[PDB]
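Undergrad: Data: final19.cif, mmCIF, N, CA and C atoms; chains and numbers go by the auth columns.
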data_structure
loop_
_atom_site.group_PDB
_atom_site.id
_atom_site.type_symbol
_atom_site.label_atom_id
_atom_site.label_comp_id
_atom_site.label_asym_id
_atom_site.label_seq_id
_atom_site.Cartn_x
_atom_site.Cartn_y
_atom_site.Cartn_z
_atom_site.B_iso_or_equiv
_atom_site.auth_seq_id
_atom_site.auth_asym_id
ATOM 1 N N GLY A 1 -19.138 -22.693 -2.939 0.00 1 F
ATOM 2 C CA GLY A 1 -20.489 -23.143 -2.542 0.00 1 F
ATOM 3 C C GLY A 1 -20.441 -24.469 -1.771 0.00 1 F
ATOM 4 N N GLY A 2 -19.320 -25.037 -1.335 0.00 2 F
ATOM 5 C CA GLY A 2 -19.346 -26.280 -0.591 0.00 2 F
ATOM 6 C C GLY A 2 -19.633 -25.980 0.880 0.00 2 F
ATOM 7 N N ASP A 3 -19.474 -27.040 1.718 0.00 3 F
ATOM 8 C CA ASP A 3 -19.662 -26.741 3.130 0.00 3 F
ATOM 9 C C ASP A 3 -18.369 -25.931 3.632 0.00 3 F
ATOM 10 N N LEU A 4 -18.587 -25.230 4.777 0.00 4 F
ATOM 11 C CA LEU A 4 -17.509 -24.367 5.234 0.00 4 F
ATOM 12 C C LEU A 4 -16.199 -25.085 5.477 0.00 4 F
ATOM 13 N N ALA A 5 -16.201 -26.319 6.028 0.00 5 F
ATOM 14 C CA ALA A 5 -14.881 -26.982 6.270 0.00 5 F
ATOM 15 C C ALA A 5 -14.156 -27.243 4.932 0.00 5 F
ATOM 16 N N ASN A 6 -14.863 -27.752 3.928 0.00 6 F
ATOM 17 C CA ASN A 6 -14.238 -27.992 2.648 0.00 6 F
ATOM 18 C C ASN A 6 -13.836 -26.607 2.017 0.00 6 F
ATOM 19 N N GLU A 7 -14.561 -25.515 2.213 0.00 7 F
ATOM 20 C CA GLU A 7 -14.253 -24.233 1.643 0.00 7 F
ATOM 21 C C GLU A 7 -12.988 -23.619 2.345 0.00 7 F
ATOM 22 N N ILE A 8 -12.878 -23.785 3.668 0.00 8 F
ATOM 23 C CA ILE A 8 -11.648 -23.250 4.306 0.00 8 F
ATOM 24 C C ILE A 8 -10.452 -24.050 3.775 0.00 8 F
ATOM 25 N N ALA A 9 -10.576 -25.347 3.596 0.00 9 F
ATOM 26 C CA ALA A 9 -9.465 -26.130 3.051 0.00 9 F
ATOM 27 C C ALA A 9 -9.070 -25.694 1.642 0.00 9 F
ATOM 28 N N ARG A 10 -10.070 -25.507 0.759 0.00 10 F
ATOM 29 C CA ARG A 10 -9.819 -24.998 -0.579 0.00 10 F
ATOM 30 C C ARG A 10 -9.174 -23.665 -0.546 0.00 10 F
ATOM 31 N N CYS A 11 -9.678 -22.772 0.275 0.00 11 F
ATOM 32 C CA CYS A 11 -9.192 -21.393 0.287 0.00 11 F
ATOM 33 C C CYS A 11 -7.745 -21.372 0.744 0.00 11 F
ATOM 34 N N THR A 12 -7.381 -22.249 1.699 0.00 12 F
ATOM 35 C CA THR A 12 -6.007 -22.317 2.172 0.00 12 F
ATOM 36 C C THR A 12 -5.093 -22.712 0.968 0.00 12 F
ATOM 37 N N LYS A 13 -5.526 -23.730 0.246 0.00 13 F
ATOM 38 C CA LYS A 13 -4.747 -24.225 -0.911 0.00 13 F
ATOM 39 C C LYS A 13 -4.575 -23.140 -1.946 0.00 13 F
ATOM 40 N N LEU A 14 -5.629 -22.401 -2.231 0.00 14 F
ATOM 41 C CA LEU A 14 -5.542 -21.338 -3.297 0.00 14 F
ATOM 42 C C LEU A 14 -4.605 -20.212 -2.784 0.00 14 F
ATOM 43 N N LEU A 15 -4.652 -19.822 -1.519 0.00 15 F
ATOM 44 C CA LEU A 15 -3.725 -18.791 -1.052 0.00 15 F
ATOM 45 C C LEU A 15 -2.326 -19.264 -1.196 0.00 15 F
ATOM 46 N N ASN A 16 -2.026 -20.510 -0.806 0.00 16 F
ATOM 47 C CA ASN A 16 -0.612 -20.976 -0.922 0.00 16 F
ATOM 48 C C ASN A 16 -0.219 -21.007 -2.393 0.00 16 F
ATOM 49 N N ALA A 17 -1.096 -21.429 -3.303 0.00 17 F
ATOM 50 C CA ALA A 17 -0.685 -21.476 -4.712 0.00 17 F
ATOM 51 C C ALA A 17 -0.424 -20.065 -5.251 0.00 17 F
ATOM 52 N N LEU A 18 -1.190 -19.079 -4.836 0.00 18 F
ATOM 53 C CA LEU A 18 -1.053 -17.733 -5.290 0.00 18 F
ATOM 54 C C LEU A 18 0.074 -16.995 -4.611 0.00 18 F
ATOM 55 N N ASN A 19 0.645 -17.555 -3.537 0.00 19 F
ATOM 56 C CA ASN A 19 1.735 -16.934 -2.800 0.00 19 F
ATOM 57 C C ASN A 19 3.111 -17.378 -3.238 0.00 19 F
ATOM 58 N N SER A 20 3.264 -17.885 -4.467 0.00 20 F
ATOM 59 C CA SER A 20 4.555 -18.383 -4.959 0.00 20 F
ATOM 60 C C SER A 20 5.612 -17.262 -4.950 0.00 20 F
ATOM 61 N N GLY A 21 5.161 -16.009 -5.157 0.00 21 F
ATOM 62 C CA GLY A 21 6.027 -14.840 -5.155 0.00 21 F
ATOM 63 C C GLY A 21 6.046 -14.010 -3.869 0.00 21 F
ATOM 64 N N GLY A 22 5.392 -14.567 -2.788 0.00 22 F
ATOM 65 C CA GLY A 22 5.372 -13.828 -1.509 0.00 22 F
ATOM 66 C C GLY A 22 4.464 -12.669 -1.510 0.00 22 F
ATOM 67 N N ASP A 23 3.452 -12.607 -2.423 0.00 23 F
ATOM 68 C CA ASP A 23 2.633 -11.430 -2.491 0.00 23 F
ATOM 69 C C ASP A 23 1.359 -11.502 -1.490 0.00 23 F
ATOM 70 N N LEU A 24 1.240 -12.636 -0.832 0.00 24 F
ATOM 71 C CA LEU A 24 0.073 -12.810 0.077 0.00 24 F
ATOM 72 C C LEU A 24 0.577 -13.050 1.507 0.00 24 F
ATOM 73 N N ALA A 25 1.633 -12.375 1.909 0.00 25 F
ATOM 74 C CA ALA A 25 2.148 -12.625 3.241 0.00 25 F
ATOM 75 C C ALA A 25 1.057 -12.392 4.339 0.00 25 F
ATOM 76 N N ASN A 26 0.379 -11.287 4.294 0.00 26 F
ATOM 77 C CA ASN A 26 -0.586 -10.984 5.369 0.00 26 F
ATOM 78 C C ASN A 26 -1.761 -11.898 5.342 0.00 26 F
ATOM 79 N N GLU A 27 -2.186 -12.308 4.109 0.00 27 F
ATOM 80 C CA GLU A 27 -3.397 -13.165 3.986 0.00 27 F
ATOM 81 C C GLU A 27 -3.053 -14.564 4.455 0.00 27 F
ATOM 82 N N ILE A 28 -1.874 -15.081 4.106 0.00 28 F
ATOM 83 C CA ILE A 28 -1.423 -16.342 4.627 0.00 28 F
ATOM 84 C C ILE A 28 -1.336 -16.277 6.177 0.00 28 F
ATOM 85 N N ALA A 29 -0.849 -15.175 6.729 0.00 29 F
ATOM 86 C CA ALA A 29 -0.768 -15.189 8.207 0.00 29 F
ATOM 87 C C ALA A 29 -2.122 -15.189 8.806 0.00 29 F
ATOM 88 N N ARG A 30 -3.097 -14.415 8.221 0.00 30 F
ATOM 89 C CA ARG A 30 -4.478 -14.420 8.780 0.00 30 F
ATOM 90 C C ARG A 30 -5.041 -15.813 8.635 0.00 30 F
ATOM 91 N N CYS A 31 -4.830 -16.504 7.536 0.00 31 F
ATOM 92 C CA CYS A 31 -5.296 -17.820 7.343 0.00 31 F
ATOM 93 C C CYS A 31 -4.692 -18.792 8.325 0.00 31 F
ATOM 94 N N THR A 32 -3.393 -18.768 8.491 0.00 32 F
ATOM 95 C CA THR A 32 -2.740 -19.675 9.427 0.00 32 F
ATOM 96 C C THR A 32 -3.283 -19.415 10.853 0.00 32 F
ATOM 97 N N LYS A 33 -3.406 -18.182 11.266 0.00 33 F
ATOM 98 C CA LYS A 33 -3.912 -17.880 12.569 0.00 33 F
ATOM 99 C C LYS A 33 -5.321 -18.486 12.795 0.00 33 F
ATOM 100 N N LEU A 34 -6.172 -18.281 11.802 0.00 34 F
ATOM 101 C CA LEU A 34 -7.536 -18.862 11.952 0.00 34 F
ATOM 102 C C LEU A 34 -7.468 -20.308 11.972 0.00 34 F
ATOM 103 N N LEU A 35 -6.649 -20.979 11.108 0.00 35 F
ATOM 104 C CA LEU A 35 -6.549 -22.417 11.145 0.00 35 F
ATOM 105 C C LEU A 35 -6.071 -22.976 12.501 0.00 35 F
ATOM 106 N N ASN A 36 -5.251 -22.193 13.180 0.00 36 F
ATOM 107 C CA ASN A 36 -4.676 -22.583 14.470 0.00 36 F
ATOM 108 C C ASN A 36 -5.410 -21.938 15.637 0.00 36 F
ATOM 109 N N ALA A 37 -6.603 -21.397 15.479 0.00 37 F
ATOM 110 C CA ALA A 37 -7.209 -20.580 16.545 0.00 37 F
ATOM 111 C C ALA A 37 -7.629 -21.442 17.707 0.00 37 F
ATOM 112 N N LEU A 38 -7.905 -22.723 17.549 0.00 38 F
ATOM 113 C CA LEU A 38 -8.321 -23.546 18.703 0.00 38 F
ATOM 114 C C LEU A 38 -7.094 -23.836 19.568 0.00 38 F
ATOM 115 N N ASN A 39 -5.847 -23.616 19.060 0.00 39 F
ATOM 116 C CA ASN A 39 -4.577 -23.920 19.858 0.00 39 F
ATOM 117 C C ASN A 39 -3.950 -22.689 20.309 0.00 39 F
ATOM 118 N N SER A 40 -4.231 -21.515 19.790 0.00 40 F
ATOM 119 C CA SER A 40 -3.418 -20.303 19.940 0.00 40 F
ATOM 120 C C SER A 40 -3.898 -19.447 21.070 0.00 40 F
ATOM 121 N N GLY A 41 -5.077 -19.803 21.603 0.00 41 F
ATOM 122 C CA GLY A 41 -5.771 -18.876 22.608 0.00 41 F
ATOM 123 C C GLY A 41 -6.511 -17.740 21.935 0.00 41 F
ATOM 124 N N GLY A 42 -6.551 -17.690 20.594 0.00 42 F
ATOM 125 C CA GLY A 42 -7.287 -16.672 19.887 0.00 42 F
ATOM 126 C C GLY A 42 -8.777 -16.674 20.081 0.00 42 F
ATOM 127 N N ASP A 43 -9.396 -15.582 19.684 0.00 43 F
ATOM 128 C CA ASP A 43 -10.872 -15.425 19.685 0.00 43 F
ATOM 129 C C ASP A 43 -11.322 -15.927 18.322 0.00 43 F
ATOM 130 N N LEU A 44 -11.747 -17.182 18.257 0.00 44 F
ATOM 131 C CA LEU A 44 -12.122 -17.868 16.975 0.00 44 F
ATOM 132 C C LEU A 44 -13.195 -17.104 16.304 0.00 44 F
ATOM 133 N N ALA A 45 -14.249 -16.666 16.966 0.00 45 F
ATOM 134 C CA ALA A 45 -15.359 -15.877 16.341 0.00 45 F
ATOM 135 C C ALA A 45 -14.854 -14.580 15.773 0.00 45 F
ATOM 136 N N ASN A 46 -14.045 -13.848 16.489 0.00 46 F
ATOM 137 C CA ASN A 46 -13.570 -12.549 15.961 0.00 46 F
ATOM 138 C C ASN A 46 -12.645 -12.820 14.791 0.00 46 F
ATOM 139 N N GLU A 47 -11.774 -13.830 14.857 0.00 47 F
ATOM 140 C CA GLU A 47 -10.914 -14.049 13.657 0.00 47 F
ATOM 141 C C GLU A 47 -11.743 -14.491 12.501 0.00 47 F
ATOM 142 N N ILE A 48 -12.737 -15.345 12.653 0.00 48 F
ATOM 143 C CA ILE A 48 -13.519 -15.748 11.485 0.00 48 F
ATOM 144 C C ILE A 48 -14.306 -14.528 10.972 0.00 48 F
ATOM 145 N N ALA A 49 -14.787 -13.600 11.791 0.00 49 F
ATOM 146 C CA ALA A 49 -15.417 -12.366 11.302 0.00 49 F
ATOM 147 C C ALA A 49 -14.462 -11.605 10.378 0.00 49 F
ATOM 148 N N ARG A 50 -13.220 -11.403 10.828 0.00 50 F
ATOM 149 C CA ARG A 50 -12.330 -10.557 10.061 0.00 50 F
ATOM 150 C C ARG A 50 -11.881 -11.269 8.807 0.00 50 F
ATOM 151 N N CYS A 51 -11.892 -12.607 8.774 0.00 51 F
ATOM 152 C CA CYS A 51 -11.373 -13.330 7.579 0.00 51 F
ATOM 153 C C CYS A 51 -12.564 -13.614 6.633 0.00 51 F
ATOM 154 N N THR A 52 -13.818 -13.410 6.996 0.00 52 F
ATOM 155 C CA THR A 52 -14.997 -13.778 6.216 0.00 52 F
ATOM 156 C C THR A 52 -14.883 -13.233 4.791 0.00 52 F
ATOM 157 N N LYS A 53 -14.428 -11.959 4.645 0.00 53 F
ATOM 158 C CA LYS A 53 -14.440 -11.346 3.340 0.00 53 F
ATOM 159 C C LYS A 53 -13.551 -12.194 2.349 0.00 53 F
ATOM 160 N N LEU A 54 -12.449 -12.781 2.836 0.00 54 F
ATOM 161 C CA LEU A 54 -11.632 -13.565 1.946 0.00 54 F
ATOM 162 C C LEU A 54 -12.291 -14.907 1.588 0.00 54 F
ATOM 163 N N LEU A 55 -12.860 -15.596 2.586 0.00 55 F
ATOM 164 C CA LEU A 55 -13.611 -16.796 2.309 0.00 55 F
ATOM 165 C C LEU A 55 -14.793 -16.550 1.328 0.00 55 F
ATOM 166 N N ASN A 56 -15.445 -15.421 1.512 0.00 56 F
ATOM 167 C CA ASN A 56 -16.571 -15.112 0.636 0.00 56 F
ATOM 168 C C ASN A 56 -16.065 -14.935 -0.772 0.00 56 F
ATOM 169 N N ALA A 57 -14.925 -14.216 -0.946 0.00 57 F
ATOM 170 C CA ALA A 57 -14.422 -13.965 -2.286 0.00 57 F
ATOM 171 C C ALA A 57 -14.074 -15.247 -3.036 0.00 57 F
ATOM 172 N N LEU A 58 -13.568 -16.278 -2.339 0.00 58 F
ATOM 173 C CA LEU A 58 -13.138 -17.434 -3.033 0.00 58 F
ATOM 174 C C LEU A 58 -14.143 -18.634 -2.908 0.00 58 F
ATOM 175 N N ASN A 59 -15.283 -18.446 -2.229 0.00 59 F
ATOM 176 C CA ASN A 59 -16.252 -19.538 -1.974 0.00 59 F
ATOM 177 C C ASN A 59 -16.766 -20.211 -3.244 0.00 59 F
ATOM 178 N N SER A 60 -16.676 -21.508 -3.287 0.00 60 F
ATOM 179 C CA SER A 60 -17.246 -22.306 -4.398 0.00 60 F
ATOM 180 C C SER A 60 -18.559 -22.968 -4.083 0.00 60 F
#
Spit out the file's structure as structure tokens when you get a sec.
TA:
Amino acid sequence: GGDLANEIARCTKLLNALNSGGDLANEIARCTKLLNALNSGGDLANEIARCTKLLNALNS
């Protein structure tokens, strides 16, 4: 339930903590891509659309 910038930061931290066993490889890559979308030439709106479901699941 925080603002979106603080929620993306939290969500990144929770994925890395939960990936101790390598079980979130694809979710970490989607997260890293979105975090780097202003440098990568990516479509920031389309990546945030596809990642929304994960942010929603972990939103505080």
Undergrad: Determine the residue membership of the PyMOL selection byres (((chain F and resi 59 and name CA) around 12) and name CA) for the file above and supply it as a list in words.
TA: residues 1, 2, 3, 4, 5, 6, 7, 8, 9, 10, 11, 12, 14, 52, 53, 54, 55, 56, 57, 58 and 60 of chain F
Undergrad: Enumerate, as a PyMOL selection string, the complete set of residues in chain F that a backbone-based DSSP assignment places in helix (DSSP H, G or I).
TA: chain F and resi 4-18+25-35+37-40+44-58
Undergrad: How many Å separate CA of residue 50 (chain F) from CA of residue 30 (chain F)?
TA: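 Between these atoms lies a distance of 8.8 Å.
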Undergrad: When you draw a straight line from CA of residue 48 (chain F) to CA of residue 21 (chain F), how long is it in Å?
TA: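 Computing the Euclidean distance for CA of residue 48 (chain F) and CA of residue 21 (chain F) yields 25.7 Å.
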Undergrad: So what do you get for atom C of residue 43 (chain F) versus atom C of residue 19 (chain F), distance-wise?
TA: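 Here the two named atoms are 26.0 Å from each other.
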